[PDB]
Amino acid sequence: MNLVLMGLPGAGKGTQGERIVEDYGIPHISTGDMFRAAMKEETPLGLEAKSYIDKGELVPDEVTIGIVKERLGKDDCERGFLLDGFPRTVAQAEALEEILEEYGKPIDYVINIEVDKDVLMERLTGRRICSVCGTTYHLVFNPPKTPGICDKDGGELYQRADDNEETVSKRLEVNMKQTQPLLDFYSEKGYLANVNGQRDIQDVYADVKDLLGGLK
Ligand SMILES: Nc1ncnc2c1ncn2[C@@H]1O[C@H](COP(=O)(O)OP(=O)(O)OP(=O)(O)OP(=O)(O)OP(=O)(O)OC[C@H]2O[C@@H](n3cnc4c(N)ncnc43)[C@H](O)[C@@H]2O)[C@@H](O)[C@H]1O
Ligand SMILES: [Mg+2]
Ligand SMILES: [Zn+2]
């Protein structure tokens, strides 16, 4: 089960991925999460990536591809993996092709979670994340039972630094111009799957799960 999750900022990659990992147990590989973890530990990678992430810009291809290549080679990817937020440029897609060719783990499906750009600002500014487990909530669409705290572990929730109007706008701008070329790239390969992401979380996952049967 080799999967790629793609979608505009806030479309629900992390939300849907959390459901996939629970049902199948494949590693959830999010480049965004990897960069932020690096930013927290203040590693050289983290500091370099921060400049781009804080502005809502894409981190350069070379360094991004490098960390994904190493990640996909780990033992936990033996039965499959879930890429989240990578690739997000045709160049990264072409690089991944070579990487998976080397590992002998070609992509089964590229799942595009389609959501109108006009509703994503609301999805992100209203997002609140658990500082302990990283699961996401939304003040309106999926609120925690007790405001400010995680339903699972009681951890304090926060708002990601880049989820402000200005940066969200840049993120949408930067990723929107990369969207059609990526869709065309995978449509040509014959394994692009489009899912309507503008429905309730479990309804979206129902369609996502419909694509996962028979992948080992
Ligand atoms: N490959 C790469 N190359 C170069 N640079 C890279 C890179 N990868 C990462 N980067 C850098 O890292 C930065 C951050 O990357 P990243 O963390 O990947 O940013 P992102 O792509 O913008 O995605 P998000 O995490 O913000 O949203 P999501 O789709 O996972 O949504 P979620 O499930 O939380 O949902 C959002 C909200 O909506 C709610 N929600 C979810 N589903 C629904 C639903 N069905 N209905 C209503 N609300 C919902 C949630 O509760 C939540 O509040 C980038 O901007 C870039 O700078
Ligand atoms: Mg995410
Ligand atoms: Zn939590």
# chains A, B, ... in the order shown; residues from 1 in each chain; ligands from 1
call {"tool": "residues_near_ligand", "arguments": {"ligand": "ligand 1", "cutoff": "7 Å", "atoms": "only C-alpha atoms and all ligand atoms", "output": "PyMOL selection string"}}
result
chain A and resi 7-16+30-33+35+52-53+56-61+64+84-88+123-124+126-128+136-138+141-142+171+197-201+204
call {"tool": "residues_around", "arguments": {"residues": "residue 78 in chain A", "least_positions_apart": "3", "cutoff": "10 Å", "atoms": "only C-alpha atoms", "output": "PDB file with N, CA and C atoms, in the first residue's frame"}}
result
ATOM      1  N   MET A   1       0.857  -1.219   0.000  1.00  0.00           N
ATOM      2  CA  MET A   1       0.000   0.000   0.000  1.00  0.00           C
ATOM      3  C   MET A   1       0.877   1.248   0.000  1.00  0.00           C
ATOM      4  N   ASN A   2       1.227   1.702  -1.199  1.00  0.00           N
ATOM      5  CA  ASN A   2       2.074   2.876  -1.379  1.00  0.00           C
ATOM      6  C   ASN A   2       1.175   4.037  -1.806  1.00  0.00           C
ATOM      7  N   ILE A  26       0.376   1.842   8.116  1.00  0.00           N
ATOM      8  CA  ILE A  26       1.502   2.228   7.284  1.00  0.00           C
ATOM      9  C   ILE A  26       1.975   3.584   7.820  1.00  0.00           C
ATOM     10  N   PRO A  27       3.279   3.861   7.720  1.00  0.00           N
ATOM     11  CA  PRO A  27       3.863   5.116   8.200  1.00  0.00           C
ATOM     12  C   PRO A  27       3.264   6.361   7.559  1.00  0.00           C
ATOM     13  N   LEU A  72      11.783   7.128   3.262  1.00  0.00           N
ATOM     14  CA  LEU A  72      11.152   6.012   2.570  1.00  0.00           C
ATOM     15  C   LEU A  72      11.981   4.731   2.586  1.00  0.00           C
ATOM     16  N   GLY A  73      13.234   4.841   3.008  1.00  0.00           N
ATOM     17  CA  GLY A  73      14.096   3.672   3.055  1.00  0.00           C
ATOM     18  C   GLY A  73      14.076   2.936   4.381  1.00  0.00           C
ATOM     19  N   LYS A  74      13.420   3.514   5.381  1.00  0.00           N
ATOM     20  CA  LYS A  74      13.344   2.899   6.706  1.00  0.00           C
ATOM     21  C   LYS A  74      12.588   1.575   6.694  1.00  0.00           C
ATOM     22  N   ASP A  75      12.882   0.723   7.673  1.00  0.00           N
ATOM     23  CA  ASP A  75      12.240  -0.584   7.775  1.00  0.00           C
ATOM     24  C   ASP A  75      10.726  -0.502   7.940  1.00  0.00           C
ATOM     25  N   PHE A  81       3.492   2.873   2.663  1.00  0.00           N
ATOM     26  CA  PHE A  81       3.715   4.166   3.289  1.00  0.00           C
ATOM     27  C   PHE A  81       2.653   5.154   2.841  1.00  0.00           C
ATOM     28  N   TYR A 103      13.801   1.780  -4.770  1.00  0.00           N
ATOM     29  CA  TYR A 103      13.290   0.989  -3.652  1.00  0.00           C
ATOM     30  C   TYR A 103      12.330  -0.105  -4.107  1.00  0.00           C
ATOM     31  N   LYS A 105       9.203   0.286  -4.870  1.00  0.00           N
ATOM     32  CA  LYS A 105       7.911   0.514  -4.228  1.00  0.00           C
ATOM     33  C   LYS A 105       7.105   1.587  -4.959  1.00  0.00           C
TER      34      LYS A 105
END
call {"tool": "residues_around", "arguments": {"residues": "residue 125 in chain A", "least_positions_apart": "6", "cutoff": "10 Å", "atoms": "only C-alpha atoms", "output": "compact mmCIF listing (two decimals) with N, CA and C atoms, in the first residue's frame"}}
result
# COMPACT_ATOMS: atom_id res chain seq x y z
N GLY A 10 -4.91 22.87 3.98
CA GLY A 10 -6.12 22.75 4.78
C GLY A 10 -7.22 21.84 4.25
N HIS A 138 -11.09 21.78 14.92
CA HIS A 138 -11.52 23.02 14.29
C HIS A 138 -12.60 23.63 15.17
N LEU A 139 -12.44 24.91 15.51
CA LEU A 139 -13.37 25.62 16.38
C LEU A 139 -14.84 25.42 16.02
N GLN A 159 -2.46 27.19 17.85
CA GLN A 159 -2.73 27.55 16.47
C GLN A 159 -1.37 27.61 15.78
N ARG A 160 -1.20 26.86 14.70
CA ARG A 160 0.07 26.84 13.99
C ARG A 160 0.45 28.26 13.57
N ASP A 162 1.83 29.48 10.99
CA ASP A 162 1.53 29.86 9.61
C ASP A 162 0.04 29.91 9.28
N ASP A 163 -0.82 29.63 10.26
CA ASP A 163 -2.26 29.66 10.01
C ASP A 163 -2.87 31.04 10.23
N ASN A 164 -2.17 32.08 9.78
CA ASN A 164 -2.66 33.45 9.88
C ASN A 164 -3.04 33.85 8.46
N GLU A 165 -3.99 34.77 8.33
CA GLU A 165 -4.49 35.23 7.02
C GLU A 165 -3.43 35.47 5.95
N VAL A 168 -1.49 32.10 5.16
CA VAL A 168 -2.40 31.13 4.56
C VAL A 168 -2.58 31.53 3.10
call {"tool": "residues_around", "arguments": {"residues": "residue 96 in chain A", "least_positions_apart": "6", "cutoff": "10 Å", "atoms": "only C-alpha atoms", "output": "PyMOL selection string"}}
result
chain A and resi 65+68-69+72+86-87+90+102+106-107
call {"tool": "closest_atom_pairs", "arguments": {"of": "chain A", "to": "ligand 3", "cutoff": "10 Å", "atoms": "only C-alpha atoms and all ligand atoms", "output": "JSON lines"}}
result
{"residue": "A:129", "atom": "CA", "partner": "ligand 3", "partner_atom_place_in_ligand_line": "1 (Zn)", "distance": 7.9}
{"residue": "A:130", "atom": "CA", "partner": "ligand 3", "partner_atom_place_in_ligand_line": "1 (Zn)", "distance": 4.6}
{"residue": "A:131", "atom": "CA", "partner": "ligand 3", "partner_atom_place_in_ligand_line": "1 (Zn)", "distance": 6.6}
{"residue": "A:132", "atom": "CA", "partner": "ligand 3", "partner_atom_place_in_ligand_line": "1 (Zn)", "distance": 4.9}
{"residue": "A:133", "atom": "CA", "partner": "ligand 3", "partner_atom_place_in_ligand_line": "1 (Zn)", "distance": 4.0}
{"residue": "A:134", "atom": "CA", "partner": "ligand 3", "partner_atom_place_in_ligand_line": "1 (Zn)", "distance": 6.0}
{"residue": "A:135", "atom": "CA", "partner": "ligand 3", "partner_atom_place_in_ligand_line": "1 (Zn)", "distance": 5.8}
{"residue": "A:136", "atom": "CA", "partner": "ligand 3", "partner_atom_place_in_ligand_line": "1 (Zn)", "distance": 8.3}
{"residue": "A:137", "atom": "CA", "partner": "ligand 3", "partner_atom_place_in_ligand_line": "1 (Zn)", "distance": 9.9}
{"residue": "A:149", "atom": "CA", "partner": "ligand 3", "partner_atom_place_in_ligand_line": "1 (Zn)", "distance": 7.8}
{"residue": "A:150", "atom": "CA", "partner": "ligand 3", "partner_atom_place_in_ligand_line": "1 (Zn)", "distance": 4.6}
{"residue": "A:151", "atom": "CA", "partner": "ligand 3", "partner_atom_place_in_ligand_line": "1 (Zn)", "distance": 6.7}
{"residue": "A:152", "atom": "CA", "partner": "ligand 3", "partner_atom_place_in_ligand_line": "1 (Zn)", "distance": 5.3}
{"residue": "A:153", "atom": "CA", "partner": "ligand 3", "partner_atom_place_in_ligand_line": "1 (Zn)", "distance": 4.9}
{"residue": "A:154", "atom": "CA", "partner": "ligand 3", "partner_atom_place_in_ligand_line": "1 (Zn)", "distance": 6.4}
{"residue": "A:155", "atom": "CA", "partner": "ligand 3", "partner_atom_place_in_ligand_line": "1 (Zn)", "distance": 5.4}
{"residue": "A:156", "atom": "CA", "partner": "ligand 3", "partner_atom_place_in_ligand_line": "1 (Zn)", "distance": 7.8}
{"residue": "A:157", "atom": "CA", "partner": "ligand 3", "partner_atom_place_in_ligand_line": "1 (Zn)", "distance": 7.9}
call {"tool": "write_last_selection", "arguments": {"atoms": "N, CA, C and O atoms", "output": "short mmCIF file (atom, residue, chain, number, x, y, z; two decimals), in the first residue's frame"}}
result
data_model
loop_
_atom_site.label_atom_id
_atom_site.label_comp_id
_atom_site.auth_asym_id
_atom_site.auth_seq_id
_atom_site.Cartn_x
_atom_site.Cartn_y
_atom_site.Cartn_z
N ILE A 129 -4.45 22.74 17.05
CA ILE A 129 -3.69 21.50 17.09
C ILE A 129 -3.21 21.11 18.48
O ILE A 129 -2.87 21.97 19.29
N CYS A 130 -3.18 19.81 18.76
CA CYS A 130 -2.72 19.33 20.05
C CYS A 130 -1.19 19.37 20.13
O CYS A 130 -0.50 18.78 19.31
N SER A 131 -0.68 20.07 21.14
CA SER A 131 0.75 20.20 21.33
C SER A 131 1.40 18.88 21.73
O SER A 131 2.62 18.73 21.66
N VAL A 132 0.58 17.91 22.13
CA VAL A 132 1.08 16.60 22.54
C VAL A 132 1.07 15.53 21.45
O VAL A 132 2.09 14.87 21.22
N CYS A 133 -0.06 15.35 20.77
CA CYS A 133 -0.15 14.31 19.74
C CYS A 133 -0.24 14.82 18.31
O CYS A 133 -0.14 14.03 17.37
N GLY A 134 -0.46 16.12 18.14
CA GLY A 134 -0.54 16.69 16.81
C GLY A 134 -1.85 16.52 16.06
O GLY A 134 -1.97 16.98 14.93
N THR A 135 -2.83 15.86 16.66
CA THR A 135 -4.11 15.68 15.99
C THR A 135 -4.76 17.05 15.85
O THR A 135 -4.53 17.94 16.67
N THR A 136 -5.56 17.24 14.81
CA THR A 136 -6.18 18.55 14.60
C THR A 136 -7.66 18.62 14.92
O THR A 136 -8.39 17.63 14.84
N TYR A 137 -8.09 19.82 15.31
CA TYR A 137 -9.47 20.12 15.65
C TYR A 137 -9.82 21.41 14.92
O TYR A 137 -8.94 22.06 14.35
N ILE A 149 -8.22 22.02 24.97
CA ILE A 149 -7.54 20.78 25.32
C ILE A 149 -7.93 19.59 24.45
O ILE A 149 -9.06 19.48 23.97
N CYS A 150 -6.97 18.70 24.25
CA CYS A 150 -7.15 17.51 23.42
C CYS A 150 -8.03 16.44 24.07
O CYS A 150 -7.85 16.10 25.24
N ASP A 151 -8.99 15.92 23.30
CA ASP A 151 -9.91 14.88 23.76
C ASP A 151 -9.19 13.61 24.21
O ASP A 151 -9.65 12.91 25.11
N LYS A 152 -8.08 13.30 23.54
CA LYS A 152 -7.32 12.09 23.81
C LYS A 152 -6.37 12.10 25.00
O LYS A 152 -6.43 11.21 25.85
N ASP A 153 -5.51 13.10 25.07
CA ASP A 153 -4.49 13.17 26.11
C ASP A 153 -4.53 14.37 27.05
O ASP A 153 -3.68 14.49 27.93
N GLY A 154 -5.49 15.27 26.86
CA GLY A 154 -5.59 16.43 27.72
C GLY A 154 -4.57 17.53 27.44
O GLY A 154 -4.51 18.52 28.17
N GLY A 155 -3.77 17.36 26.40
CA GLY A 155 -2.76 18.36 26.07
C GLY A 155 -3.36 19.68 25.61
O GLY A 155 -4.49 19.74 25.15
N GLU A 156 -2.58 20.75 25.75
CA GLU A 156 -3.04 22.07 25.35
C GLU A 156 -3.01 22.21 23.83
O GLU A 156 -2.06 21.76 23.17
N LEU A 157 -4.04 22.83 23.28
CA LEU A 157 -4.14 23.03 21.84
C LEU A 157 -3.54 24.39 21.49
O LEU A 157 -3.52 25.30 22.32
#
call {"tool": "residues_around", "arguments": {"residues": "residue 45 in chain A", "least_positions_apart": "5", "cutoff": "9 Å", "atoms": "only C-alpha atoms", "output": "list in words"}}
result
residues 35, 38, 39, 50 and 63 of chain A
call {"tool": "write_last_selection", "arguments": {"atoms": "C-alpha atoms", "output": "short mmCIF file (atom, residue, chain, number, x, y, z; two decimals), in the first residue's frame"}}
result
data_model
loop_
_atom_site.label_atom_id
_atom_site.label_comp_id
_atom_site.auth_asym_id
_atom_site.auth_seq_id
_atom_site.Cartn_x
_atom_site.Cartn_y
_atom_site.Cartn_z
CA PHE A 35 10.18 20.19 8.90
CA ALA A 38 13.23 19.79 12.84
CA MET A 39 12.36 23.42 13.62
CA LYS A 50 11.86 27.74 8.81
CA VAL A 63 16.77 19.40 0.50
#
call {"tool": "atom_distance", "arguments": {"atom1": "CA of residue 89 in chain A", "atom2": "CA of residue 23 in chain A"}}
result
28.7 Å
call {"tool": "residues_around", "arguments": {"residues": "residue 209 in chain A", "least_positions_apart": "2", "cutoff": "12 Å", "atoms": "only C-alpha atoms", "output": "ChimeraX atom specification"}}
result
/A:1,3,16-17,19-24,109,111,193,195,202-207,211-215
call {"tool": "closest_residue", "arguments": {"among": "A:36, A:25, A:43, A:98", "to": "ligand 2", "atoms": "only C-alpha atoms and all ligand atoms"}}
result
A:36
call {"tool": "select_by_dssp", "arguments": {"residues": "range 54-209 of chain A", "states": "alpha helix (DSSP H)", "output": "JSON, numbers by chain"}}
result
{"A": [54, 55, 61, 62, 63, 64, 65, 66, 67, 68, 69, 70, 71, 72, 90, 91, 92, 93, 94, 95, 96, 97, 98, 99, 100, 101, 102, 103, 120, 121, 122, 123, 124, 125, 165, 166, 167, 168, 169, 170, 171, 172, 173, 174, 175, 176, 177, 178, 179, 180, 181, 182, 183, 184, 185, 186, 187, 188, 189, 201, 202, 203, 204, 205, 206, 207, 208, 209]}
call {"tool": "select_by_dssp", "arguments": {"residues": "range 83-185 of chain A", "states": "strand (DSSP E or B)", "output": "MDAnalysis selection string"}}
result
chainID A and resid 83:84 109:114 127:130 136:138 142 149 156:158
call {"tool": "residues_around", "arguments": {"residues": "residue 182 in chain A", "least_positions_apart": "2", "cutoff": "8 Å", "atoms": "only C-alpha atoms", "output": "PyMOL selection string"}}
result
chain A and resi 88-90+93+178-180+184-186
call {"tool": "atom_distance", "arguments": {"atom1": "CA of residue 29 in chain A", "atom2": "CA of residue 108 in chain A"}}
result
15.7 Å
call {"tool": "closest_residue", "arguments": {"among": "A:167, A:83, A:76, A:172", "to": "ligand 2", "atoms": "only C-alpha atoms and all ligand atoms"}}
result
A:83
